[PDB]
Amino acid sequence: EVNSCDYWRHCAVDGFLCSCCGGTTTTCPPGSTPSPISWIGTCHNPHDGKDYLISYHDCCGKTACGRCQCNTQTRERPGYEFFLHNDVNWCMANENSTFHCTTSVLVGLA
């Protein structure tokens, strides 16, 4: 269920799900580095009916994972609202900017 693009948390993921790449939803695959910056989504939880803020951190410094590619765009906005925008590499500020996979980190209720 977590490895599907329809999983409720993944509502603004543009990239490969880290949970398909040897990591988990909140852990980078071995040898890839978390981004200190991310785009943010607001996603609806179909179980408790509540909306939650999700931080879409990338894992960086390894070449593309290639598995579980998602391109979901719920509440995504262009680069003039930069931290809601997912057509940029949120690995951009890492020591190595190569994009590996994307995580879906639960921050809290909206």
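Residue numbers run from 1 along the displayed sequence.
According to the PDB record, 41 to 49 carries the higher mean C-alpha B-factor of the two stretches 70 to 78 and 41 to 49.
In the deposited entry, the Cα temperature factor of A64 places it in the lowest third of its chain's modelled residues. The deposited CA B-factor of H100 belongs to the lowest third of values across its chain. Annotation for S32: C-alpha temperature factor in the lowest third relative to the rest of the modelled chain, per the entry.
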